[PDB]
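A single chain, nothing else alongside it, follows as structure tokens in the form deposited in one PDB entry.
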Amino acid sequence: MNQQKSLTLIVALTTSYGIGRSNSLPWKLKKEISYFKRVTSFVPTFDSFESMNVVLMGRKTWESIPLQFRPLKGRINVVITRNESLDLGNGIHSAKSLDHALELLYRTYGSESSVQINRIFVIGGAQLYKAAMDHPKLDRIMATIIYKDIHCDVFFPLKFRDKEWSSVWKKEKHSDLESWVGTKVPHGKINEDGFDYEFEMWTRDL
């Protein structure tokens, strides 16, 4: 009653797998903002009327979101923390692992519920990404690759774009990214903030 759904990871990272610096993201990318909001919020119209996507995030990532942007609107938010006592407010769900979050979600958004789970996204940070990359239901990575070795203090845990992982993770065609996201997506290099970046979708077989 717990693993009938794939997990998707969404991440922005450098070519050296850097993902963060000083509890924030060391870049200011307008399209990337638009894209993260769209991908995590989009529900295909063939999915049920009640459907909403889930964002799962680590406690440090939650604490990095400014209060005025919390919870992330139009998505079911879950914070993974081993601190049972931590008050999230607004009915935001708290869970002590990735699988505890999945069990809580299925228990809460059940047969009857006016809200039903659609896609489930892991949105960071580094420690939660490590658990997700180990999870047997993770099959899809929406990667924004940043073409500059911007100095970071936190790194992505598995080098999924590198030769060593290339028999498991495969980059899909841009039109398949656009099919899955349901909307035209900029194709190829985008240049803001002094360097190029681009959107990619990588998948693996479970």
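Rigid core: the largest C-alpha set superposing within 1.5 Å between the two forms. Only residues modelled in both forms are compared. Quick note: we count residues from 1 along the sequence shown, nothing fancier.
Below: the form deposited in another entry, not depicted.
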Quick one: with the rigid core lined up, which of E32, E178, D139, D47 moves its CA 2 Å or more between the shown form and the other one?
-> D47
Working note: in that other deposited form the C-alpha atoms of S48 and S113, off by 3 Å or more, come farther
Taking the shown form as reference, are the C-alpha positions of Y106 and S48 brought closer or pushed farther apart in that other deposited form, with a change of 3 Å or more?
-> farther
What moves between the shown form and the other one once the core is lined up, counting runs of 3 or more consecutive residues with C-alpha shifts of 2 angstroms or more?
-> 45-49, 86-88
